[PDB]
J.: 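First the structure, which I've put down as C-alpha cells, then a few questions once you've had a look.
Every chain is numbered from 1, with letters handed out A, B, ... down the list of sequences. Both counts, for ligands and for their atoms, begin at 1 and track the order of listing.
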2 protein chains.
Amino acid sequence: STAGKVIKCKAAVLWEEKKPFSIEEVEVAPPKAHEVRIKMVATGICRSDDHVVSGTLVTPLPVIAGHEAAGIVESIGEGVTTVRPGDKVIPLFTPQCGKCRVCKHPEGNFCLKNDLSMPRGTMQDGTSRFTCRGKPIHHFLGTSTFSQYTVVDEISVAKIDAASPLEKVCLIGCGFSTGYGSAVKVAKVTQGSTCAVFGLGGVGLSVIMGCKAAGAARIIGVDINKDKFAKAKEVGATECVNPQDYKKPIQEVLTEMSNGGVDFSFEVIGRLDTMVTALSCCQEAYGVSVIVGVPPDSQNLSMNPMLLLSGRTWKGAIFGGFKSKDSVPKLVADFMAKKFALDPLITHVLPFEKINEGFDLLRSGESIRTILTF
Amino acid sequence: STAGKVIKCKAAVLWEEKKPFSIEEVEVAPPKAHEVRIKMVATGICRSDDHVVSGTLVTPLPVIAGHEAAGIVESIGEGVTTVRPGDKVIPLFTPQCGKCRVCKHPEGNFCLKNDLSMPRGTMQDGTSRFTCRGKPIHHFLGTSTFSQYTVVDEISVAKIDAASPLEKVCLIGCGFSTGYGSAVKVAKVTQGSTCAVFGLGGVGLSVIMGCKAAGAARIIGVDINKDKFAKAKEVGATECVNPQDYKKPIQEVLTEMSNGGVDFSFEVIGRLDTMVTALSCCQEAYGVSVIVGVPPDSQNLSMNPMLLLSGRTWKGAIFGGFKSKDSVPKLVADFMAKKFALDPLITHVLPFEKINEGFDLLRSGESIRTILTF
Ligand SMILES: NC(=O)c1ccc[n+]([C@@H]2O[C@H](COP(=O)([O-])OP(=O)([O-])OC[C@H]3O[C@@H](n4cnc5c(N)[nH+]cnc54)[C@H](O)[C@@H]3O)[C@@H](O)[C@H]2O)c1
Ligand SMILES: NC(=O)c1ccc[n+]([C@@H]2O[C@H](COP(=O)([O-])OP(=O)([O-])OC[C@H]3O[C@@H](n4cnc5c(N)[nH+]cnc54)[C@H](O)[C@@H]3O)[C@@H](O)[C@H]2O)c1
Ligand SMILES: [Zn+2]
Ligand SMILES: [Zn+2]
Ligand SMILES: [Zn+2]
Ligand SMILES: [Zn+2]
C-alpha cells in the first residue's frame, strides 16, 4: 500500500552534538534503482551511535543514526535481485559490493563503498532519502536504523532466515559479529591460549564469546567498571582485573599474570592509551593485538616501534573481519542452530520512543545492549 | 697451541660513541662451560653496527661490535655438544636456547636470552671474555665479531657446512636472512602481489630477493639515493622511486601506483617517518607492513589508529623471524644448493684492518655490504 510513495514516519533525529535525539516525523522517499526500503523491527544501541552524539565519530549532522538492526522489506527499487518485499533483513553498515578489490580479496571486508572512512552521510548516489521539517537529513553508514523506515543501497542489506527473531538477531548487525569475528577471524585465537580483552561492553563480551569458542585456556577481562565482571565471567572470562586497583600500569600486571605476555589482546574501548597498553601486554615475540574500539576523531597515538620490532603483530578490523553480506545470513543460521547465544548481551528492552532513556542507560554504565522495538 | 689459554689478538674496539674503531691487541679468555671460542674468517658491516657508533642503538661501551660473521671453532668449553674444534660456524646474534616460551612457540624467534631488548654487553653469565689495556670490554649481542677471536655462548652459535665459503655465508648471520625472512616468513608475501620496499641497502635488497622468490608481480623499491636503484632492479625490483622527486608524500604516490595500496610494505631504513609511511601505503583493508629497520633509541612515532582499524596488519621482526640455530645451517645448505645468491649484496671486500674505511663506504652511500677478511 506504500510502494512508490513517500512514507511519513517517526525517526530519532540528531540535530546537534551532545543533545538528546528528537523523536519526530520524517519523510522517507521511495527507493530508487538498486535501493531497498525497510520497515524496522528492532535496533540496538551500540557505543558507536553514542560516538556520533559525542563527536567521537564525526559524520555530517543533522543525522539519523543507528546501524545495528533488523527489519522487514517494505519495497524494492528497480533492479534489486537479492531481497524481496516481506523478507527479513539486516542492514549492513559495512557494505559488500562484491566488485571492488577488497570484496574480491579473500581476507578483506572493508568494502570501498563504505561510508566510515570519510563519512558523507548519504546514499551511494550522494543524496538523501530523508526530509524533516522540510530539511534534508543525513544518513549514517548507509543504514540509518533509528527510524521506523529507512532506505539502504542493495549492497548494504542482507536477507536472513524468515523465522529469525528480529529482536535478538539485530545484534548480528554490529556488536556480536564484530566482537566474535575479531576473536575467531581477525586474531585467530588458538586453543589453549591466553587472551586479554579490554572493555567489557557488548562488543568486548562478544570477543570473550569468540575466545572461548576458539578454545582459549585463559581469558582475562579488563574494565574500570567492576560491575561488568560478573557477566564477563558468565560468557567465558576466567579472571577480571580493574586497572584502578593496581599501583602498576595494567600492561605490567597482565605481563606478570601471563608469565611474560598474553597470546592475544583486544582493545574494545576506543582510547589511544588502551590501544598502546593492549599492544604492550601481548608477548613481545609472538603476541597479537587487535584494535576494535573507535578512536576519537583525528587523534594520533604515540608508541615505541620496538614493541613491533621484537615480533608483535598489531591489527584492527571493522565488523570482525566478516564480509558482511556473505556472513550475516550464515551468522543468523548459526544462531538459530544455537551455535552461540545473544541473550547475555541484552540487558534492557525499550520501545523506540524511549531511545533517550536507552542512551542514558549506556552512558551510566548500567546496560550492555538495550534493544529498541518499533 | 691456544686451547685453555688466553689469546692475545687483534680486534676493533669502540671506546666511545662517534669515534673511529681502534684496531689493537685484546686478550680473549678461554671458553667456560657451554661456551665456544671462534677464530673469525669474515665479517660484514651491517648498518646496525654503525648504529652503535652513532648512538642510534644503545649498548654498553667500550665494546667489540660486529654481529654478521663466520669463522672456525678454535676450542669448546665443558659441556658443549653442538660444535667441535675445526667446525665452520656462524655466530647467532639472536640466540636459540630451545627452552624458553619463545623458542618453544611455532612462530617465535626472539629468544628470551637475547641481549638486544635490554643490552648488558656480556656473556650469558654476566661477565666478559675481553680485556684491552687492562680494561674489560663489552660484548655485543652475544657475538662480537670485529675481532680475530671471539667467545660466544653455545646457544649463540650454529655449525654450518664444512665446505661453506665463509666470505659469502657470513651474510646469513644478519642481513640476508633478515631481509629474506622478513618477506618470506614474516610478511608471507604471496604470488602475484605488489610489494614496496623502503631502503635499498643490504637488508632491503634481501627483502626484494625474498619478494621475488615468493612470486610477487610488482616490487617497488623506494630510496632517496638513486644510485641504489640499478642493483635493486637486478635482484628483482620492477620499478624504483625516490621520494625527493615528488611534490606529494610518497605514501600517496605508492597508493596511486598500486591502484589503492600495496599488498606488502617493508620499512628497511630505521626512521619513524618511513615506518608510518610504509604502513600507510599498504592497502587499508588487507595490507601488511613489516618494520625491519632499527629505530633511534627511545623515540616514539605518532600515527592514527584508523590506519589499523580499517584492516591493516603491522608487524616487525628480528632476524627475519628465523629461529636462528635451526635456520642458519639450512640457509647455508640452501645457498650451497644455489637456491639464492649472496654476491649481489657484496660490493667491497677489504682486510679487517680497513674496518674504518668500510664504515666510511657505508656512511657515504657507496657500499651495500663490505666484507672484512681476517
Ligand atoms: N570495529 C568495529 O567494527 C566496531 C564495532 C562495534 C563497536 N566498535 C567500538 O568498540 C567500542 C566498544 O563498543 P561497545 O562494547 O558498544 O561499548 P561500551 O558498552 O561502552 O563498552 C566499553 C567498555 O569499556 C570500559 N572502559 C572505559 N574506559 C576504560 C578504561 N580506561 N579501561 C578499561 N575499560 C574501560 C567501559 O567501562 C565499558 O564497559 C566502542 O569504541 C565502539 O565504537 C567498533
Ligand atoms: N630487524 C633486524 O633484525 C635487522 C637486521 C639487520 C638490519 N636491521 C636494520 O635495518 C636497517 C637497514 O640496514 P642496512 O640495509 O644494513 O642499511 P643501509 O645499507 O644503510 O641501507 C639503508 C638504506 O635506506 C636509505 N634511506 C635512508 N633514508 C631514507 C629515506 N628517508 N627514505 C628512503 N630511503 C632512505 C639509504 O639511502 C640506504 O640505501 C637499519 O636500520 C638496520 O639497523 C635490522
Ligand atoms: Zn566492495
Ligand atoms: Zn556498532
Ligand atoms: Zn629461547
Ligand atoms: Zn645486522
J.: Using a strict 4.0 Å cut-off to heavy atoms of A/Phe319, name the atoms of ligand 1 that fall inside it.
T.: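 In order of numbering, the contacting atoms are 2 (C), 3 (O).
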J.: If you measure every N or O of A/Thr274 against every N or O of ligand 1, does any of those distances drop under 3.5 Å?
T.: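 N/O-N/O distance under 3.5 Å: no.
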J.: If you count every heavy atom of other residues, nucleotides or ligands that lies below 6.0 Å from B/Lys323 atom NZ, does the total exceed 12?
T.: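 More than 12 heavy atoms, drawn from other residues, nucleotides or ligands, come within 6.0 Å of this atom.
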J.: Provide the number and element of each atom of ligand 1 under 4.0 Å from a heavy atom of A/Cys174.
T.: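 Close to A/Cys174: 5 (C), 6 (C).
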J.: Can you sort out which atoms of ligand 1 are near A/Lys228, meaning under 4.0 Å from one of its heavy atoms?
T.: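 Counting from 1, the qualifying ligand atoms are 39 (O).
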J.: Within the structure, does A/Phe93 bring an N/O atom to less than 3.5 angstrom of an N/O atom in ligand 1?
T.: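 No.
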J.: Contact between A/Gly202 and ligand 1, counting heavy atoms under 4.0 Å?
T.: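 Checking ligand 1 against A/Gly202, which is what was asked, there is a heavy-atom contact under 4.0 Å.
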J.: Counting non-hydrogen protein atoms only, what is the nearest one to atom 10 (O) of ligand 1? Give residue, atom name and distance.
T.: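 Sorting protein heavy atoms by distance from atom 10 (O) of ligand 1 puts A/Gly293 CA, 3.6 Å first.
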J.: Note the single closest protein heavy atom to atom 40 (C) of ligand 1, along with its residue, its atom name and the distance in Å.
T.: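 For atom 40 (C) of ligand 1, the nearest protein heavy atom comes out as A/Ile269 O, 3.3 Å.
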J.: So which protein heavy atom does atom 22 (C) of ligand 1 come closest to, and at what separation?
T.: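 So the nearest neighbour among protein heavy atoms is A/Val268 O, 3.9 Å.
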J.: Who's the nearest protein heavy-atom neighbour of atom 15 (O) of ligand 1, and how far?
T.: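 Among all protein heavy atoms, the one nearest atom 15 (O) of ligand 1 is A/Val203 N, 3.0 Å.
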J.: Has the side chain of A/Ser289 got a donor or acceptor atom that lies under 3.5 Å from a matching backbone atom of A/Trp314?
T.: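 Judged by distance alone, no pair lies under 3.5 Å.
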J.: For ligand 1, which atoms sit closer than 4.0 Å to a heavy atom of A/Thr178?
T.: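 Listed by number with element, the hits are 2 (C), 3 (O), 4 (C), 5 (C).
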J.: Locate the shortest heavy-atom distance separating A/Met275 from A/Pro295; write the atom from each residue and the value.
T.: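 Smallest interatomic distance, heavy atoms only, reads CE-CB, 3.9 Å.
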J.: Quick check on the 6.0 Å ring-centre criterion: do B/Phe359 and B/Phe21 meet it?
T.: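 That pair passes the under 6.0 Å test.
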J.: Ring centres of B/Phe93 and B/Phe319 under 6.0 Å apart?
T.: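 Yes, the ring centres sit under 6.0 Å apart.
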J.: What's the separation between atom CD1 in A/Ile355 and atom CG in A/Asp49, rounded to the nearest 0.5 Å?
T.: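 CG of A/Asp49 is found 7.5 Å from CD1 of A/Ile355.
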J.: For A/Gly175 and ligand 1, answer yes if some heavy atom of the residue is under 4.0 Å from a ligand atom, otherwise no.
T.: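 In this structure, A/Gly175 fails to qualify as a contact of ligand 1 - no heavy atom is under 4.0 Å.
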J.: Is A/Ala317 near ligand 1, meaning one of its heavy atoms is under 4.0 Å from it?
T.: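 Flag set, A/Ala317 near ligand 1.
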J.: Regarding B/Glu68 and B/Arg369, does a basic nitrogen lie under 4.0 Å from an acidic carboxylate oxygen?
T.: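 Answer for the salt bridge query: yes.
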J.: Could you walk me through whether A/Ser117 and B/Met306 pass the side-chain contact (heavy atoms from CB on, under 4.5 Å) check?
T.: CA-CA 8 Å; A/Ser117 56; B/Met306 283 303 315; 5.9 Å; no
J.: Starting from atom 38 (C) of ligand 1, locate the nearest protein heavy atom and write down its residue, its atom name and how far away it is, to 0.1 Å.
T.: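 Looking only at protein heavy atoms, the one closest to atom 38 (C) of ligand 1 is A/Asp223 OD2, 3.5 Å.
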J.: Using atom types as modelled and distance alone, determine if a side-chain donor or acceptor of A/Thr59 lies under 3.5 Å from a backbone N or O of A/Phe140.
T.: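 Pair absent, no side-chain N/O of A/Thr59 close to backbone of A/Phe140.
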J.: Counting only heavy atoms closer than 4.0 Å, does ligand 1 sit against the backbone of A/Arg369, its side chain, both, or neither?
T.: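 The answer is the side chain of A/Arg369.
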J.: Counting from 1, what ligand 1 atoms have a heavy atom of A/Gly199 closer than 4.0 Å?
T.: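 It comes down to these atoms of ligand 1: 23 (C), 24 (O).
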J.: Any chance the side chains of A/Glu357 and A/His348 put a donor and an acceptor closer than 3.5 Å?
T.: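 Side-chain D/A pair, A/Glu357 to A/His348: absent.
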J.: Starting from atom 20 (O) of ligand 1, locate the nearest protein heavy atom and write down its residue, its atom name and how far away it is, to 0.1 Å.
T.: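 Closest protein heavy atom to atom 20 (O) of ligand 1: A/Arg47 NE, 2.8 Å.
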J.: Got the closest protein heavy atom to atom 43 (O) of ligand 1, with its distance?
T.: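 Closest protein heavy atom to atom 43 (O) of ligand 1: A/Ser48 OG, 2.7 Å.
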J.: What is the closest protein heavy atom to atom 44 (C) of ligand 1, and at what distance does it sit?
T.: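 That would be A/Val292 O, 3.0 Å.
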J.: For the metal site, I want the angle between atom SG of A/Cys174 and atom SG of A/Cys46 with the Zn ion (ligand 4) at the apex, to 10°.
T.: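 Result: 120°, to 10°.
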J.: Tell me if a side-chain donor or acceptor on B/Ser310 pairs with a main-chain N or O of B/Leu307 at a distance below 3.5 Å.
T.: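 Yes: the side chain of B/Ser310 pairs with the backbone of B/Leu307.
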J.: Between B/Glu267 and B/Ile269 (side chain of the first, backbone of the second, donor and acceptor by atom type, cut-off under 3.5 Å), is there such a pair?
T.: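 Such a contact is found between B/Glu267 side chain and B/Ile269 backbone.
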